[PDB]
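A short worksheet on the structure shown next.
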Amino acid sequence: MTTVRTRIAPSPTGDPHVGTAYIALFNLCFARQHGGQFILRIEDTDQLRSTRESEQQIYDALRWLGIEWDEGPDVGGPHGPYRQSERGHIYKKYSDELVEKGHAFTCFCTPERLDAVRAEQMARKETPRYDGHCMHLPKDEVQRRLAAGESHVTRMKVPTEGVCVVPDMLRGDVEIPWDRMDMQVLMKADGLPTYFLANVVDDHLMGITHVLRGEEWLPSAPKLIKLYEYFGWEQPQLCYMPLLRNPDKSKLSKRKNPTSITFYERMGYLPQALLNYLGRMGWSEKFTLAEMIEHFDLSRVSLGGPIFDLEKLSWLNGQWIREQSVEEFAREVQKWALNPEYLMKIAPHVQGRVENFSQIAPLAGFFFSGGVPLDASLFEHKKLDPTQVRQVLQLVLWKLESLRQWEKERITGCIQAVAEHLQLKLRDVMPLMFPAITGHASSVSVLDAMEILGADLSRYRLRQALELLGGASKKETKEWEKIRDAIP
Amino acid sequence: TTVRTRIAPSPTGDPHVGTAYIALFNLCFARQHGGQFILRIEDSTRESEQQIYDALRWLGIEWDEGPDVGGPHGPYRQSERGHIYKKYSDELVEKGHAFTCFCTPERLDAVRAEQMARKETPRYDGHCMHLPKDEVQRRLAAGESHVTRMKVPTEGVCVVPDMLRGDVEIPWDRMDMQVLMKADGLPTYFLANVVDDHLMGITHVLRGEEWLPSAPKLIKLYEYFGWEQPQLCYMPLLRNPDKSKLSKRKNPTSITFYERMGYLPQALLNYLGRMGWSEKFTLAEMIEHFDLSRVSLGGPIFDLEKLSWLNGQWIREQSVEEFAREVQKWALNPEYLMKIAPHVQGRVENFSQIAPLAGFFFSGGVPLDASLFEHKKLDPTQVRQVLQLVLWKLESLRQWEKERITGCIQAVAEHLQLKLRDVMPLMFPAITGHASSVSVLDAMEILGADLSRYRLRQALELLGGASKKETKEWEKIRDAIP
Ligand SMILES: [Zn+2]
Ligand SMILES: [Zn+2]
């Protein structure tokens, strides 16, 4: 008679990803199927990559898709806090218990030490693992080194022989040798935990009963199962979902198909269609969230890797567009781009470049086209040969992919940094941005246009221009990455 | 006495730029002297009347008296003014200044033939001028169709005192015997405006140069009646940059064309004022620095490129809010967009595909590519023919709706040796700039009459246009089509 409770636990380290929505949909349907609750927990334990902006992008993207949770950082809940950065005291308590009970230990190995051990191991054809150095430390030495304030971590003990049985709800028993595990770090030197500890503690304290996650987390499942044993906690039911696949059997990557949810919103896809498509890849047709929930059952999940096919997603999205009143269609188009907020940002940039209103559409059309018409001749540069032009586009694209705050000045800073580093003037690079972003050699202010267009469409158009001109080889990619990392 | 000016547009078509030019000067002259400017309709369709009101008001022109705003010296529609016109024509016939004519249209058409064969300007030969009082009483009792004509001198010269040109001499032997009352009991535009100007207290008659040749007949009617003549001024013609007369073949003349193309009314009104007298200024400013003497004796030039530059300055020299409001009214409103919506909803797989598909609804013209007009069962000469004939019949279409637009295109086809399905391949590129697009017939109704004709004409002129031998030959086809 126990109420079901599932969760999605994304890290706010970048754009909201389609994979996250996919897993969130399954955990949502399973909880609603069983009359339970669906929780959202922000795993911002990586305070060097987590941002408050990325947190809100997660909320907006999922809510836009139609996914809603009963408890979370933005709605509250009786089992919070739901941000792992607000639960520091909790993780220390349970990490200390493990050490007290002998199931974990303090490690003082400096980064210079761990690197040396890994080298000596790779030279002995051995599997790289923590050598257990600090596991056999006297209590006298441990007390001393901690009193001096020496940096340290907490590692868990793991078996060296035998096998762990992972009882997947769909695969059955999955045997994983313990010797593939290592003495995983639980508490980092900065007093923050790893997901191994945070997810076990938090899934337990929040009463999570079923955990559907992607199969990428299955290899490390034994360490979580073992942590539950150490605490004497009841383990939740586990199901590891196959990966999303590109139609060519490869893994879903930003190169082949964009993975950002916001990309499909800005491209003009309906949230009902994208959500509907994620469900059709999952289990066993056009349906709403409510209808997908009533017909949901984990057994109907194809044991094969679901395929993300933009062709089928576009056909489905057209079916949704067609199978609704013109009023509904109109309201969706307004929310998408035909609204005063978007149009008034464009207004001041066309007002000075038209002699009558009929010239606005050819000038501002690129604000609504998604991509732009690709004309390779528009990138013939006077000072830059074709190879140098591809280098500039690749370096700019990389820096803009890493840019977290999509704002004109930060956008300009990335481009100007790529140019100054290459001993180029910003005036030498902007002529390439115009055709990439707008499709024309001259247009409105391109830096303003990129901020208005947003990060997703700007990167998409830059990548297409790069691919139009041939792209970059593996050799060039390696050589240009060295340059990327030396740029602010 | 208070100055009183007017315009008397006929509600028989779309309002042309020439009408707004004349209206502006009449409005400015009246305001300068603290008088009234009157709009009179000498009717013809009640819809065409509202077009005139809407187009002139959109420009910023107003009138103190008229059929819509009323006034103390109406009615302001001829059709509402009773049998006042037959009364004055009868006085002229009784006082011997007019006479009754029984000539048949077949006979008046023959005299015109003999006169044009001599390179003469056609005139009424004066047949019925001296018919017996008995012969006329008989035919009238029998109910024979007849009209009333005014008598004009045959020798001498009429001195027309123009406020700008000075004295203009015109020979009476050029004037003809103008019809006063038509065979249907309605007055001619000539008699009605003379009668109505007198009854409405019009003091200054500012007209286009096209009416100068008839000034003697106006002067003589006032003479016959014994009425005080109004001050007269005939404005020089609007001309293209090549010194020719303004023509829809060269530059479009409908006010509504420039509205649908995205010009600001303050800019077109300013351009009409900056052409005549003496640079950007408003209407209230135009009235401030207005004076008739600043008009040049030579015709003003309607230069579209100069108009575009001026419109661009009006767009720039205003707040972004004012600019956005103007763009909303021009085309970015729910009425226009919801007309397009159902025609793109079934043709897109995502919203980012809408703008490439629907862009032609906003581009004024479209990108021209001659290669798009290559037809299987049609040659480069026949394509121009259908385009011309389609254009002509659509230029004559009064009510611009899909069911009547399709009728015109079908009539040109049925009359031709081809089926309707044979012509649409040419319409799609001309109207949308693409080989295929949304329902082109629904698109033309949405785009409007002005932009549809403009694009068809641009397409026709792209492919080469029509020669003189082709036009006169193809018009005979146009007139044989419903
Ligand atoms: Zn250690
Ligand atoms: Zn006669």
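Chain labels A, B, ... are given in the sequence in which chains occur in the structure tokens; within each chain residues are numbered consecutively from 1, and ligands are likewise numbered from 1 in the order shown.
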*Surroundings of ligand 1 up to 9 Å, based on only C-alpha atoms and all ligand atoms, as a PyMOL selection string*: chain A and resi 105-110+113-114+130-135+152-155
_Contacts to ligand 2 at 10 Å cut-off (only C-alpha atoms and all ligand atoms) as a list in words_ =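 Sorted by chain and then by number, the residues are residues 99, 100, 101, 102, 103, 104, 105, 107, 108, 124, 125, 126, 127, 128, 129, 130, 131, 146, 147, 148, 149 and 177 of chain B.
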*Near chain B, which residues of chain A fall within 7 Å when you count only C-alpha atoms, and what do they look like as a VMD selection string?*
chain A and resid 267 to 269 314 to 315 317 to 318 321 to 322 326 330 333 347 to 348 351 to 352 354 to 359 361 365 368 to 370
Suppose we keep N, CA, C and O atoms; can you now write the selection as a compact mmCIF listing (two decimals), in the first residue's frame?
```txt
# COMPACT_ATOMS: atom_id res chain seq x y z
N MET A 267 12.69 26.48 -33.21
CA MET A 267 12.48 26.08 -34.59
C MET A 267 11.00 26.02 -34.96
O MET A 267 10.68 25.84 -36.14
N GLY A 268 10.10 26.15 -33.99
CA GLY A 268 8.68 26.14 -34.28
C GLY A 268 8.02 24.79 -34.16
O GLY A 268 7.06 24.51 -34.88
N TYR A 269 8.51 23.93 -33.27
CA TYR A 269 7.85 22.67 -32.98
C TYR A 269 6.90 22.84 -31.81
O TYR A 269 7.14 23.62 -30.89
N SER A 314 9.20 15.73 -37.51
CA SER A 314 8.63 16.81 -38.30
C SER A 314 7.27 16.43 -38.86
O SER A 314 6.33 17.24 -38.84
N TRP A 315 7.13 15.20 -39.37
CA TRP A 315 5.83 14.75 -39.85
C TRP A 315 4.80 14.79 -38.73
O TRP A 315 3.67 15.26 -38.93
N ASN A 317 4.84 16.62 -35.97
CA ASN A 317 4.55 18.00 -35.62
C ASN A 317 3.58 18.63 -36.62
O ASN A 317 2.71 19.42 -36.25
N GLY A 318 3.71 18.27 -37.90
CA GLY A 318 2.76 18.75 -38.89
C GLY A 318 1.36 18.21 -38.66
O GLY A 318 0.37 18.91 -38.87
N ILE A 321 -0.11 20.30 -35.99
CA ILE A 321 -0.45 21.61 -36.53
C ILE A 321 -1.74 21.52 -37.34
O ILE A 321 -2.63 22.38 -37.22
N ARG A 322 -1.87 20.49 -38.16
CA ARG A 322 -3.02 20.37 -39.05
C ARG A 322 -4.29 20.02 -38.28
O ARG A 322 -5.38 20.49 -38.64
N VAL A 326 -7.89 26.76 -36.49
CA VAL A 326 -7.00 27.83 -36.91
C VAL A 326 -6.74 28.79 -35.76
O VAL A 326 -5.66 29.40 -35.68
N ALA A 330 -3.18 29.78 -34.46
CA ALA A 330 -2.78 31.18 -34.37
C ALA A 330 -2.15 31.49 -33.02
O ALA A 330 -1.09 32.11 -32.95
N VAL A 333 1.34 30.23 -32.81
CA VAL A 333 2.28 31.02 -33.60
C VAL A 333 2.63 32.31 -32.87
O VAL A 333 3.78 32.76 -32.89
N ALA A 347 11.96 45.74 -34.19
CA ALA A 347 11.50 47.01 -34.75
C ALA A 347 12.62 48.04 -34.88
O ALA A 347 12.86 48.53 -35.99
N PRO A 348 13.32 48.40 -33.80
CA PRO A 348 14.32 49.47 -33.92
C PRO A 348 15.44 49.16 -34.90
O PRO A 348 16.15 50.09 -35.32
N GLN A 351 13.70 49.84 -38.60
CA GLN A 351 13.16 51.18 -38.81
C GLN A 351 14.13 52.07 -39.60
O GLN A 351 13.69 52.92 -40.37
N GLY A 352 15.43 51.88 -39.41
CA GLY A 352 16.42 52.71 -40.07
C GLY A 352 16.94 52.19 -41.39
O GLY A 352 17.85 52.79 -41.96
N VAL A 354 14.69 50.80 -44.03
CA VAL A 354 13.59 50.60 -44.97
C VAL A 354 13.09 51.95 -45.44
O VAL A 354 13.05 52.92 -44.67
N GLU A 355 12.72 52.03 -46.72
CA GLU A 355 12.06 53.20 -47.26
C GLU A 355 10.56 53.01 -47.42
O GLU A 355 9.84 53.98 -47.68
N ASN A 356 10.07 51.78 -47.26
CA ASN A 356 8.64 51.51 -47.12
C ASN A 356 8.49 50.17 -46.42
O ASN A 356 9.43 49.38 -46.36
N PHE A 357 7.28 49.92 -45.90
CA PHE A 357 7.09 48.75 -45.04
C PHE A 357 7.23 47.44 -45.80
O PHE A 357 7.49 46.41 -45.18
N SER A 358 7.07 47.45 -47.13
CA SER A 358 7.20 46.21 -47.89
C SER A 358 8.63 45.70 -47.94
O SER A 358 8.84 44.56 -48.36
N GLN A 359 9.61 46.50 -47.52
CA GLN A 359 11.00 46.07 -47.48
C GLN A 359 11.38 45.42 -46.15
O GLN A 359 12.51 44.95 -46.01
N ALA A 361 10.02 42.64 -44.64
CA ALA A 361 10.03 41.18 -44.64
C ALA A 361 11.30 40.61 -45.25
O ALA A 361 11.89 39.71 -44.63
N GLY A 365 13.25 38.73 -42.45
CA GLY A 365 12.77 37.36 -42.60
C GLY A 365 13.58 36.36 -41.79
O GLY A 365 13.02 35.39 -41.26
N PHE A 368 12.67 34.63 -38.45
CA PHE A 368 11.60 33.65 -38.36
C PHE A 368 11.86 32.36 -39.13
O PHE A 368 11.00 31.48 -39.14
N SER A 369 13.03 32.21 -39.77
CA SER A 369 13.26 31.11 -40.70
C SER A 369 13.92 29.89 -40.08
O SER A 369 13.99 28.85 -40.74
N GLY A 370 14.43 29.97 -38.85
CA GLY A 370 15.14 28.83 -38.29
C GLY A 370 16.57 28.77 -38.77
O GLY A 370 17.47 29.30 -38.12
```
_So that I can check the secondary structure, give me every residue of segment 48-288 of chain B assigned alpha helix (DSSP H) by backbone DSSP, as a VMD selection string._
chain B and resid 48 to 59 84 to 94 105 to 116 133 to 142 189 to 199 215 to 225 255 to 260 265 to 276 283 to 288
*Which is closer to residue 400 of chain B than all the others in B:193, B:10, B:48, B:251, using only C-alpha atoms?*
B:48
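Those residues that approach residue 84 of chain A to within 8 Å, counting only C-alpha atoms, are residues 41, 42, 43, 44, 45 and 198 of chain A; same-chain residues fewer than 6 positions away are not listed.
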